[PDB]
file protein_20.json (JSON, N, CA and C atoms)
[["chain", "number", "residue", "atom", "x", "y", "z"],
["A", 1, "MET", "N", -19.25, -21.21, -10.69],
["A", 1, "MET", "CA", -18.33, -21.15, -9.53],
["A", 1, "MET", "C", -17.15, -22.10, -9.73],
["A", 2, "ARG", "N", -15.99, -21.78, -9.16],
["A", 2, "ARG", "CA", -14.79, -22.62, -9.30],
["A", 2, "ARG", "C", -14.00, -22.40, -7.97],
["A", 3, "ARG", "N", -13.14, -23.33, -7.69],
["A", 3, "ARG", "CA", -12.42, -23.31, -6.39],
["A", 3, "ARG", "C", -11.01, -22.80, -6.57],
["A", 4, "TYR", "N", -10.57, -21.91, -5.69],
["A", 4, "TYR", "CA", -9.28, -21.23, -5.89],
["A", 4, "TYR", "C", -8.54, -21.21, -4.52],
["A", 5, "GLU", "N", -7.23, -21.09, -4.60],
["A", 5, "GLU", "CA", -6.47, -20.90, -3.33],
["A", 5, "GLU", "C", -5.99, -19.46, -3.38],
["A", 6, "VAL", "N", -6.21, -18.72, -2.30],
["A", 6, "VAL", "CA", -5.79, -17.32, -2.26],
["A", 6, "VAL", "C", -4.64, -17.26, -1.26],
["A", 7, "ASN", "N", -3.46, -16.85, -1.68],
["A", 7, "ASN", "CA", -2.32, -16.82, -0.77],
["A", 7, "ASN", "C", -2.01, -15.36, -0.47],
["A", 8, "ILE", "N", -2.02, -14.97, 0.79],
["A", 8, "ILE", "CA", -1.86, -13.58, 1.18],
["A", 8, "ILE", "C", -0.67, -13.36, 2.11],
["A", 9, "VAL", "N", 0.14, -12.35, 1.80],
["A", 9, "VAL", "CA", 1.28, -12.09, 2.70],
["A", 9, "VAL", "C", 0.93, -10.76, 3.36],
["A", 10, "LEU", "N", 1.09, -10.73, 4.68],
["A", 10, "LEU", "CA", 0.80, -9.47, 5.38],
["A", 10, "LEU", "C", 2.10, -8.94, 6.04],
["A", 11, "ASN", "N", 2.04, -7.66, 6.35],
["A", 11, "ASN", "CA", 3.09, -6.95, 7.10],
["A", 11, "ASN", "C", 3.33, -7.82, 8.33],
["A", 12, "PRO", "N", 4.55, -8.30, 8.51],
["A", 12, "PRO", "CA", 4.93, -9.10, 9.65],
["A", 12, "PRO", "C", 4.91, -8.41, 11.01],
["A", 13, "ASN", "N", 4.86, -7.11, 11.10],
["A", 13, "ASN", "CA", 4.94, -6.39, 12.36],
["A", 13, "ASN", "C", 3.59, -6.06, 12.95],
["A", 14, "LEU", "N", 2.49, -6.71, 12.61],
["A", 14, "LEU", "CA", 1.19, -6.37, 13.18],
["A", 14, "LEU", "C", 0.94, -6.96, 14.55],
["A", 15, "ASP", "N", 0.17, -6.28, 15.40],
["A", 15, "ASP", "CA", -0.35, -6.82, 16.64],
["A", 15, "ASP", "C", -1.43, -7.87, 16.34],
["A", 16, "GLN", "N", -1.83, -8.65, 17.33],
["A", 16, "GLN", "CA", -2.90, -9.61, 17.10],
["A", 16, "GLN", "C", -4.18, -8.86, 16.79],
["A", 17, "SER", "N", -4.38, -7.68, 17.37],
["A", 17, "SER", "CA", -5.54, -6.87, 17.10],
["A", 17, "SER", "C", -5.72, -6.48, 15.64],
["A", 18, "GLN", "N", -4.62, -5.93, 15.13],
["A", 18, "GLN", "CA", -4.52, -5.45, 13.75],
["A", 18, "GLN", "C", -4.65, -6.60, 12.77],
["A", 19, "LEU", "N", -4.00, -7.70, 13.07],
["A", 19, "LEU", "CA", -4.07, -8.93, 12.29],
["A", 19, "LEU", "C", -5.49, -9.44, 12.17],
["A", 20, "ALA", "N", -6.19, -9.52, 13.33],
["A", 20, "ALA", "CA", -7.57, -9.91, 13.38],
["A", 20, "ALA", "C", -8.43, -8.99, 12.53],
["A", 21, "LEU", "N", -8.18, -7.69, 12.55],
["A", 21, "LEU", "CA", -8.91, -6.75, 11.72],
["A", 21, "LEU", "C", -8.70, -7.03, 10.23],
["A", 22, "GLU", "N", -7.46, -7.22, 9.84],
["A", 22, "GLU", "CA", -7.14, -7.51, 8.43],
["A", 22, "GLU", "C", -7.84, -8.77, 7.97],
["A", 23, "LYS", "N", -7.88, -9.84, 8.77],
["A", 23, "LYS", "CA", -8.61, -11.05, 8.40],
["A", 23, "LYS", "C", -10.10, -10.78, 8.27],
["A", 24, "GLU", "N", -10.65, -9.89, 9.12],
["A", 24, "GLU", "CA", -12.07, -9.55, 8.99],
["A", 24, "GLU", "C", -12.35, -8.83, 7.69],
["A", 25, "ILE", "N", -11.49, -7.92, 7.27],
["A", 25, "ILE", "CA", -11.63, -7.20, 6.03],
["A", 25, "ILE", "C", -11.54, -8.18, 4.85],
["A", 26, "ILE", "N", -10.56, -9.08, 4.90],
["A", 26, "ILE", "CA", -10.42, -10.07, 3.82],
["A", 26, "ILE", "C", -11.68, -10.89, 3.63],
["A", 27, "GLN", "N", -12.21, -11.46, 4.70],
["A", 27, "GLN", "CA", -13.47, -12.20, 4.65],
["A", 27, "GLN", "C", -14.65, -11.38, 4.13],
["A", 28, "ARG", "N", -14.80, -10.12, 4.58],
["A", 28, "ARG", "CA", -15.91, -9.32, 4.04],
["A", 28, "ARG", "C", -15.73, -9.12, 2.55],
["A", 29, "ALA", "N", -14.49, -8.81, 2.12],
["A", 29, "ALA", "CA", -14.30, -8.60, 0.68],
["A", 29, "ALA", "C", -14.64, -9.86, -0.11],
["A", 30, "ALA", "N", -14.21, -11.03, 0.40],
["A", 30, "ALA", "CA", -14.44, -12.26, -0.33],
["A", 30, "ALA", "C", -15.95, -12.50, -0.47],
["A", 31, "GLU", "N", -16.66, -12.33, 0.64],
["A", 31, "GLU", "CA", -18.11, -12.45, 0.62],
["A", 31, "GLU", "C", -18.79, -11.44, -0.28],
["A", 32, "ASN", "N", -18.27, -10.23, -0.35],
["A", 32, "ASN", "CA", -18.85, -9.19, -1.19],
["A", 32, "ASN", "C", -18.69, -9.49, -2.67],
["A", 33, "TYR", "N", -17.66, -10.28, -3.00],
["A", 33, "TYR", "CA", -17.45, -10.64, -4.38],
["A", 33, "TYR", "C", -18.03, -11.99, -4.69],
["A", 34, "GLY", "N", -18.86, -12.59, -3.86],
["A", 34, "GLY", "CA", -19.46, -13.85, -4.08],
["A", 34, "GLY", "C", -18.78, -15.13, -3.68],
["A", 35, "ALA", "N", -17.68, -15.08, -2.91],
["A", 35, "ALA", "CA", -16.97, -16.27, -2.52],
["A", 35, "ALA", "C", -17.54, -16.97, -1.29],
["A", 36, "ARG", "N", -17.47, -18.29, -1.28],
["A", 36, "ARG", "CA", -17.80, -19.05, -0.09],
["A", 36, "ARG", "C", -16.40, -19.35, 0.48],
["A", 37, "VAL", "N", -16.09, -18.91, 1.68],
["A", 37, "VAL", "CA", -14.80, -19.20, 2.27],
["A", 37, "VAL", "C", -14.89, -20.60, 2.88],
["A", 38, "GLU", "N", -14.19, -21.60, 2.32],
["A", 38, "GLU", "CA", -14.27, -22.96, 2.82],
["A", 38, "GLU", "C", -13.25, -23.35, 3.88],
["A", 39, "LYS", "N", -12.08, -22.72, 3.87],
["A", 39, "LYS", "CA", -11.03, -23.04, 4.83],
["A", 39, "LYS", "C", -10.03, -21.87, 4.87],
["A", 40, "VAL", "N", -9.53, -21.57, 6.07],
["A", 40, "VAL", "CA", -8.59, -20.48, 6.28],
["A", 40, "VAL", "C", -7.44, -21.04, 7.12],
["A", 41, "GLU", "N", -6.19, -20.90, 6.72],
["A", 41, "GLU", "CA", -5.09, -21.39, 7.56],
["A", 41, "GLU", "C", -4.17, -20.19, 7.85],
["A", 42, "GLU", "N", -3.80, -19.95, 9.10],
["A", 42, "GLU", "CA", -2.81, -18.95, 9.44],
["A", 42, "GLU", "C", -1.46, -19.69, 9.40],
["A", 43, "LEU", "N", -0.67, -19.47, 8.38],
["A", 43, "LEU", "CA", 0.62, -20.15, 8.27],
["A", 43, "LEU", "C", 1.64, -19.48, 9.18],
["A", 44, "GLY", "N", 1.62, -18.15, 9.30],
["A", 44, "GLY", "CA", 2.59, -17.48, 10.16],
["A", 44, "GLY", "C", 3.80, -16.93, 9.40],
["A", 45, "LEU", "N", 4.90, -16.68, 10.12],
["A", 45, "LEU", "CA", 6.05, -15.99, 9.55],
["A", 45, "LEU", "C", 6.92, -16.84, 8.67],
["A", 46, "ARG", "N", 7.26, -16.38, 7.45],
["A", 46, "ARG", "CA", 8.16, -17.04, 6.53],
["A", 46, "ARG", "C", 9.10, -15.97, 5.92],
["A", 47, "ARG", "N", 10.26, -16.40, 5.48],
["A", 47, "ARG", "CA", 11.23, -15.57, 4.78],
["A", 47, "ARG", "C", 10.76, -15.50, 3.33],
["A", 48, "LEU", "N", 10.59, -14.31, 2.79],
["A", 48, "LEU", "CA", 10.10, -14.14, 1.44],
["A", 48, "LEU", "C", 11.19, -14.45, 0.42],
["A", 49, "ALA", "N", 10.78, -14.80, -0.78],
["A", 49, "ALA", "CA", 11.75, -15.08, -1.86],
["A", 49, "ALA", "C", 12.49, -13.81, -2.25],
["A", 50, "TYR", "N", 11.85, -12.65, -2.06],
["A", 50, "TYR", "CA", 12.47, -11.35, -2.21],
["A", 50, "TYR", "C", 11.76, -10.36, -1.28],
["A", 51, "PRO", "N", 12.49, -9.39, -0.74],
["A", 51, "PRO", "CA", 11.93, -8.45, 0.21],
["A", 51, "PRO", "C", 10.87, -7.56, -0.43],
["A", 52, "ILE", "N", 9.87, -7.31, 0.37],
["A", 52, "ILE", "CA", 8.74, -6.45, -0.03],
["A", 52, "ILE", "C", 8.63, -5.35, 0.99],
["A", 53, "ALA", "N", 8.63, -4.10, 0.50],
["A", 53, "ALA", "CA", 8.57, -2.91, 1.35],
["A", 53, "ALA", "C", 9.78, -2.93, 2.29],
["A", 54, "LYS", "N", 10.90, -3.38, 1.78],
["A", 54, "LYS", "CA", 12.15, -3.57, 2.50],
["A", 54, "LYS", "C", 12.07, -4.55, 3.65],
["A", 55, "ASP", "N", 11.08, -5.40, 3.81],
["A", 55, "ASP", "CA", 11.04, -6.34, 4.95],
["A", 55, "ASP", "C", 11.27, -7.71, 4.29],
["A", 56, "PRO", "N", 12.16, -8.53, 4.78],
["A", 56, "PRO", "CA", 12.49, -9.81, 4.20],
["A", 56, "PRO", "C", 11.56, -10.93, 4.67],
["A", 57, "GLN", "N", 10.60, -10.61, 5.56],
["A", 57, "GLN", "CA", 9.66, -11.67, 5.91],
["A", 57, "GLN", "C", 8.22, -11.18, 5.82],
["A", 58, "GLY", "N", 7.30, -12.15, 5.90],
["A", 58, "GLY", "CA", 5.87, -11.71, 5.80],
["A", 58, "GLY", "C", 5.04, -12.68, 6.63],
["A", 59, "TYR", "N", 3.81, -12.30, 6.98],
["A", 59, "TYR", "CA", 2.97, -13.20, 7.77],
["A", 59, "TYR", "C", 2.02, -13.88, 6.79],
["A", 60, "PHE", "N", 2.00, -15.19, 6.65],
["A", 60, "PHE", "CA", 1.24, -15.79, 5.57],
["A", 60, "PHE", "C", -0.17, -16.26, 5.94],
["A", 61, "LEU", "N", -1.15, -16.02, 5.06],
["A", 61, "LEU", "CA", -2.49, -16.56, 5.30],
["A", 61, "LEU", "C", -2.87, -17.33, 4.00],
["A", 62, "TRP", "N", -3.64, -18.38, 4.14],
["A", 62, "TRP", "CA", -4.10, -19.15, 2.98],
["A", 62, "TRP", "C", -5.60, -19.40, 3.09],
["A", 63, "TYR", "N", -6.30, -19.24, 1.95],
["A", 63, "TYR", "CA", -7.73, -19.45, 1.99],
["A", 63, "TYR", "C", -8.13, -20.41, 0.84],
["A", 64, "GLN", "N", -9.10, -21.26, 1.08],
["A", 64, "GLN", "CA", -9.70, -22.04, -0.01],
["A", 64, "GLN", "C", -11.12, -21.47, -0.22],
["A", 65, "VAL", "N", -11.38, -20.95, -1.40],
["A", 65, "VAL", "CA", -12.65, -20.29, -1.66],
["A", 65, "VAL", "C", -13.33, -20.92, -2.91],
["A", 66, "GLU", "N", -14.63, -20.91, -2.92],
["A", 66, "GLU", "CA", -15.40, -21.26, -4.14],
["A", 66, "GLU", "C", -16.08, -20.01, -4.64],
["A", 67, "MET", "N", -15.86, -19.48, -5.84],
["A", 67, "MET", "CA", -16.43, -18.20, -6.20],
["A", 67, "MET", "C", -16.55, -18.12, -7.72],
["A", 68, "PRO", "N", -17.25, -17.13, -8.22],
["A", 68, "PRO", "CA", -17.40, -17.00, -9.68],
["A", 68, "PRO", "C", -16.06, -16.63, -10.31],
["A", 69, "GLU", "N", -15.64, -17.29, -11.36],
["A", 69, "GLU", "CA", -14.41, -16.96, -12.06],
["A", 69, "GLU", "C", -14.33, -15.56, -12.55],
["A", 70, "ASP", "N", -15.48, -14.93, -12.97],
["A", 70, "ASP", "CA", -15.42, -13.59, -13.51],
["A", 70, "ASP", "C", -15.14, -12.54, -12.46],
["A", 71, "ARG", "N", -15.15, -12.85, -11.17],
["A", 71, "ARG", "CA", -14.93, -11.86, -10.14],
["A", 71, "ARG", "C", -13.57, -11.99, -9.47],
["A", 72, "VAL", "N", -12.85, -13.05, -9.83],
["A", 72, "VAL", "CA", -11.59, -13.33, -9.11],
["A", 72, "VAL", "C", -10.62, -12.19, -9.23],
["A", 73, "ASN", "N", -10.41, -11.63, -10.43],
["A", 73, "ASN", "CA", -9.46, -10.53, -10.57],
["A", 73, "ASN", "C", -9.88, -9.28, -9.78],
["A", 74, "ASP", "N", -11.17, -8.98, -9.72],
["A", 74, "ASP", "CA", -11.61, -7.81, -8.95],
["A", 74, "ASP", "C", -11.33, -8.02, -7.44],
["A", 75, "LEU", "N", -11.54, -9.23, -6.95],
["A", 75, "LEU", "CA", -11.22, -9.49, -5.53],
["A", 75, "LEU", "C", -9.75, -9.32, -5.25],
["A", 76, "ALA", "N", -8.88, -9.91, -6.10],
["A", 76, "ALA", "CA", -7.44, -9.72, -5.87],
["A", 76, "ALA", "C", -7.04, -8.27, -5.82],
["A", 77, "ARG", "N", -7.61, -7.44, -6.70],
["A", 77, "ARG", "CA", -7.36, -6.03, -6.78],
["A", 77, "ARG", "C", -7.87, -5.32, -5.52],
["A", 78, "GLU", "N", -9.07, -5.72, -5.09],
["A", 78, "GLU", "CA", -9.54, -5.11, -3.84],
["A", 78, "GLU", "C", -8.61, -5.47, -2.67],
["A", 79, "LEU", "N", -8.12, -6.72, -2.64],
["A", 79, "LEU", "CA", -7.25, -7.08, -1.51],
["A", 79, "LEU", "C", -5.92, -6.35, -1.51],
["A", 80, "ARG", "N", -5.34, -6.11, -2.67],
["A", 80, "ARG", "CA", -4.02, -5.50, -2.77],
["A", 80, "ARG", "C", -3.93, -4.01, -2.39],
["A", 81, "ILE", "N", -5.06, -3.36, -2.27],
["A", 81, "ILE", "CA", -5.08, -1.96, -1.92],
["A", 81, "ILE", "C", -4.96, -1.69, -0.42],
["A", 82, "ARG", "N", -5.06, -2.66, 0.47],
["A", 82, "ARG", "CA", -4.91, -2.41, 1.90],
["A", 82, "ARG", "C", -3.41, -2.24, 2.08],
["A", 83, "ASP", "N", -2.95, -1.32, 2.89],
["A", 83, "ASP", "CA", -1.51, -1.10, 2.98],
["A", 83, "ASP", "C", -0.80, -2.25, 3.65],
["A", 84, "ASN", "N", -1.39, -3.00, 4.57],
["A", 84, "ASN", "CA", -0.76, -4.13, 5.22],
["A", 84, "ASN", "C", -0.71, -5.39, 4.36],
["A", 85, "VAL", "N", -1.39, -5.40, 3.21],
["A", 85, "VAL", "CA", -1.32, -6.63, 2.37],
["A", 85, "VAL", "C", -0.08, -6.48, 1.48],
["A", 86, "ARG", "N", 0.92, -7.32, 1.56],
["A", 86, "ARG", "CA", 2.16, -7.10, 0.80],
["A", 86, "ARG", "C", 2.14, -7.88, -0.53],
["A", 87, "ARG", "N", 1.39, -8.98, -0.51],
["A", 87, "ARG", "CA", 1.36, -9.80, -1.76],
["A", 87, "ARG", "C", 0.13, -10.66, -1.80],
["A", 88, "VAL", "N", -0.49, -10.79, -2.99],
["A", 88, "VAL", "CA", -1.69, -11.64, -3.13],
["A", 88, "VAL", "C", -1.47, -12.55, -4.34],
["A", 89, "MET", "N", -1.71, -13.83, -4.28],
["A", 89, "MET", "CA", -1.54, -14.70, -5.46],
["A", 89, "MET", "C", -2.74, -15.66, -5.41],
["A", 90, "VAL", "N", -3.38, -15.79, -6.55],
["A", 90, "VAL", "CA", -4.58, -16.65, -6.55],
["A", 90, "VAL", "C", -4.31, -17.77, -7.54],
["A", 91, "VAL", "N", -4.52, -19.00, -7.18],
["A", 91, "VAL", "CA", -4.27, -20.06, -8.16],
["A", 91, "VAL", "C", -5.51, -20.94, -8.12],
["A", 92, "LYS", "N", -5.73, -21.65, -9.21],
["A", 92, "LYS", "CA", -6.82, -22.63, -9.20],
["A", 92, "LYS", "C", -6.52, -23.79, -8.29],
["A", 93, "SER", "N", -7.52, -24.28, -7.56],
["A", 93, "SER", "CA", -7.30, -25.37, -6.60],
["A", 93, "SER", "C", -7.10, -26.66, -7.38],
["A", 94, "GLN", "N", -6.04, -27.38, -7.08],
["A", 94, "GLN", "CA", -5.82, -28.65, -7.82],
["A", 94, "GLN", "C", -6.28, -29.79, -6.92],
["A", 95, "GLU", "N", -5.98, -29.74, -5.62],
["A", 95, "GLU", "CA", -6.23, -30.85, -4.65],
["A", 95, "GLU", "C", -6.92, -30.28, -3.43],
["A", 96, "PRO", "N", -8.22, -29.97, -3.62],
["A", 96, "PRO", "CA", -8.98, -29.30, -2.60],
["A", 96, "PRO", "C", -9.16, -30.10, -1.33],
["A", 97, "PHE", "N", -9.32, -29.34, -0.24],
["A", 97, "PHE", "CA", -9.60, -29.91, 1.06],
["A", 97, "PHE", "C", -11.08, -30.23, 1.14]]

call {"tool": "encode", "arguments": {"input": "protein_20.json", "output": "structure tokens"}}
result
Amino acid sequence: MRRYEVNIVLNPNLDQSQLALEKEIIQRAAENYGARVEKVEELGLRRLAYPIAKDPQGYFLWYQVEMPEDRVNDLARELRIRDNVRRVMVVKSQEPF
């Protein structure tokens, strides 16, 4: 197991209902791939470095997870297939919470 930060950008135009659903899907996927979700932060709306799906902003979520290294790429791939997920970036945790 190793600790990673998962940075997720979502469609900025979601209702709180839809948003809550997307977070539930993310957590189930992480658990299905063996991750322990240690911390979740809702960062909120930011201007993207470049527009995605023609929208210049995105709703940001950040997770600190501990999970097997061999499954990290499969989880990122599973997350990127939801239509509301605009961007996923996973980095190794340097200064964990």

call {"tool": "residues_around", "arguments": {"input": "protein_20.json", "residues": "range 87-94 of chain A", "least_positions_apart": "5", "cutoff": "6.5 Å", "atoms": "only N, CA and C atoms", "output": "VMD selection string"}}
result
chain A and resid 3 to 10 80

call {"tool": "closest_residue", "arguments": {"input": "protein_20.json", "among": "A:1, A:19, A:33, A:27", "to": "residue 75 in chain A", "atoms": "all atoms listed in the file"}}
result
A:33

call {"tool": "closest_residue", "arguments": {"input": "protein_20.json", "among": "A:2, A:46, A:86, A:71", "to": "residue 30 in chain A", "atoms": "only C-alpha atoms"}}
result
A:71

call {"tool": "atom_distance", "arguments": {"input": "protein_20.json", "atom1": "CA of residue 32 in chain A", "atom2": "CA of residue 69 in chain A"}}
result
14.1 Å

call {"tool": "atom_distance", "arguments": {"input": "protein_20.json", "atom1": "atom C of residue 48 in chain A", "atom2": "atom N of residue 82 in chain A"}}
result
20.1 Å

call {"tool": "atom_distance", "arguments": {"input": "protein_20.json", "atom1": "atom N of residue 43 in chain A", "atom2": "CA of residue 67 in chain A"}}
result
21.5 Å

call {"tool": "build_atoms", "arguments": {"input": "protein_20.json", "residues": "range 10-29 of chain A", "atoms": "N, CA, C and O atoms", "output": "PDB file, in the coordinates of the input"}}
result
ATOM      1  N   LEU A  10       1.090 -10.730   4.680  1.00  0.00           N
ATOM      2  CA  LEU A  10       0.800  -9.470   5.380  1.00  0.00           C
ATOM      3  C   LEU A  10       2.100  -8.940   6.040  1.00  0.00           C
ATOM      4  O   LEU A  10       3.032  -9.675   6.283  1.00  0.00           O
ATOM      5  N   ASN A  11       2.040  -7.660   6.350  1.00  0.00           N
ATOM      6  CA  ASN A  11       3.090  -6.950   7.100  1.00  0.00           C
ATOM      7  C   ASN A  11       3.330  -7.820   8.330  1.00  0.00           C
ATOM      8  O   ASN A  11       2.404  -8.207   9.019  1.00  0.00           O
ATOM      9  N   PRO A  12       4.550  -8.300   8.510  1.00  0.00           N
ATOM     10  CA  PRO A  12       4.930  -9.100   9.650  1.00  0.00           C
ATOM     11  C   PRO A  12       4.910  -8.410  11.010  1.00  0.00           C
ATOM     12  O   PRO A  12       5.111  -9.096  12.037  1.00  0.00           O
ATOM     13  N   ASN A  13       4.860  -7.110  11.100  1.00  0.00           N
ATOM     14  CA  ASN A  13       4.940  -6.390  12.360  1.00  0.00           C
ATOM     15  C   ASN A  13       3.590  -6.060  12.950  1.00  0.00           C
ATOM     16  O   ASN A  13       3.503  -5.149  13.745  1.00  0.00           O
ATOM     17  N   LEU A  14       2.490  -6.710  12.610  1.00  0.00           N
ATOM     18  CA  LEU A  14       1.190  -6.370  13.180  1.00  0.00           C
ATOM     19  C   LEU A  14       0.940  -6.960  14.550  1.00  0.00           C
ATOM     20  O   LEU A  14       1.423  -8.063  14.774  1.00  0.00           O
ATOM     21  N   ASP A  15       0.170  -6.280  15.400  1.00  0.00           N
ATOM     22  CA  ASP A  15      -0.350  -6.820  16.640  1.00  0.00           C
ATOM     23  C   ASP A  15      -1.430  -7.870  16.340  1.00  0.00           C
ATOM     24  O   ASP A  15      -2.047  -7.755  15.273  1.00  0.00           O
ATOM     25  N   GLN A  16      -1.830  -8.650  17.330  1.00  0.00           N
ATOM     26  CA  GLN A  16      -2.900  -9.610  17.100  1.00  0.00           C
ATOM     27  C   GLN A  16      -4.180  -8.860  16.790  1.00  0.00           C
ATOM     28  O   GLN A  16      -5.000  -9.340  16.005  1.00  0.00           O
ATOM     29  N   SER A  17      -4.380  -7.680  17.370  1.00  0.00           N
ATOM     30  CA  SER A  17      -5.540  -6.870  17.100  1.00  0.00           C
ATOM     31  C   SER A  17      -5.720  -6.480  15.640  1.00  0.00           C
ATOM     32  O   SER A  17      -6.794  -6.525  15.004  1.00  0.00           O
ATOM     33  N   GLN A  18      -4.620  -5.930  15.130  1.00  0.00           N
ATOM     34  CA  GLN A  18      -4.520  -5.450  13.750  1.00  0.00           C
ATOM     35  C   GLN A  18      -4.650  -6.600  12.770  1.00  0.00           C
ATOM     36  O   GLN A  18      -5.301  -6.493  11.735  1.00  0.00           O
ATOM     37  N   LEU A  19      -4.000  -7.700  13.070  1.00  0.00           N
ATOM     38  CA  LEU A  19      -4.070  -8.930  12.290  1.00  0.00           C
ATOM     39  C   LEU A  19      -5.490  -9.440  12.170  1.00  0.00           C
ATOM     40  O   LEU A  19      -6.056  -9.770  11.122  1.00  0.00           O
ATOM     41  N   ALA A  20      -6.190  -9.520  13.330  1.00  0.00           N
ATOM     42  CA  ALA A  20      -7.570  -9.910  13.380  1.00  0.00           C
ATOM     43  C   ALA A  20      -8.430  -8.990  12.530  1.00  0.00           C
ATOM     44  O   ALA A  20      -9.323  -9.467  11.806  1.00  0.00           O
ATOM     45  N   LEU A  21      -8.180  -7.690  12.550  1.00  0.00           N
ATOM     46  CA  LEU A  21      -8.910  -6.750  11.720  1.00  0.00           C
ATOM     47  C   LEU A  21      -8.700  -7.030  10.230  1.00  0.00           C
ATOM     48  O   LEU A  21      -9.667  -7.009   9.442  1.00  0.00           O
ATOM     49  N   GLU A  22      -7.460  -7.220   9.840  1.00  0.00           N
ATOM     50  CA  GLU A  22      -7.140  -7.510   8.430  1.00  0.00           C
ATOM     51  C   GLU A  22      -7.840  -8.770   7.970  1.00  0.00           C
ATOM     52  O   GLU A  22      -8.336  -8.771   6.838  1.00  0.00           O
ATOM     53  N   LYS A  23      -7.880  -9.840   8.770  1.00  0.00           N
ATOM     54  CA  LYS A  23      -8.610 -11.050   8.400  1.00  0.00           C
ATOM     55  C   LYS A  23     -10.100 -10.780   8.270  1.00  0.00           C
ATOM     56  O   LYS A  23     -10.743 -11.338   7.389  1.00  0.00           O
ATOM     57  N   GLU A  24     -10.650  -9.890   9.120  1.00  0.00           N
ATOM     58  CA  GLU A  24     -12.070  -9.550   8.990  1.00  0.00           C
ATOM     59  C   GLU A  24     -12.350  -8.830   7.690  1.00  0.00           C
ATOM     60  O   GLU A  24     -13.376  -9.041   7.019  1.00  0.00           O
ATOM     61  N   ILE A  25     -11.490  -7.920   7.270  1.00  0.00           N
ATOM     62  CA  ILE A  25     -11.630  -7.200   6.030  1.00  0.00           C
ATOM     63  C   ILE A  25     -11.540  -8.180   4.850  1.00  0.00           C
ATOM     64  O   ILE A  25     -12.286  -8.075   3.864  1.00  0.00           O
ATOM     65  N   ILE A  26     -10.560  -9.080   4.900  1.00  0.00           N
ATOM     66  CA  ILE A  26     -10.420 -10.070   3.820  1.00  0.00           C
ATOM     67  C   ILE A  26     -11.680 -10.890   3.630  1.00  0.00           C
ATOM     68  O   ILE A  26     -12.177 -11.092   2.509  1.00  0.00           O
ATOM     69  N   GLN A  27     -12.210 -11.460   4.700  1.00  0.00           N
ATOM     70  CA  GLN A  27     -13.470 -12.200   4.650  1.00  0.00           C
ATOM     71  C   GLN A  27     -14.650 -11.380   4.130  1.00  0.00           C
ATOM     72  O   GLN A  27     -15.502 -11.881   3.370  1.00  0.00           O
ATOM     73  N   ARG A  28     -14.800 -10.120   4.580  1.00  0.00           N
ATOM     74  CA  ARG A  28     -15.910  -9.320   4.040  1.00  0.00           C
ATOM     75  C   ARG A  28     -15.730  -9.120   2.550  1.00  0.00           C
ATOM     76  O   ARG A  28     -16.670  -9.110   1.755  1.00  0.00           O
ATOM     77  N   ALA A  29     -14.490  -8.810   2.120  1.00  0.00           N
ATOM     78  CA  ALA A  29     -14.300  -8.600   0.680  1.00  0.00           C
ATOM     79  C   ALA A  29     -14.640  -9.860  -0.110  1.00  0.00           C
ATOM     80  O   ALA A  29     -15.274  -9.768  -1.179  1.00  0.00           O
TER      81      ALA A  29
END
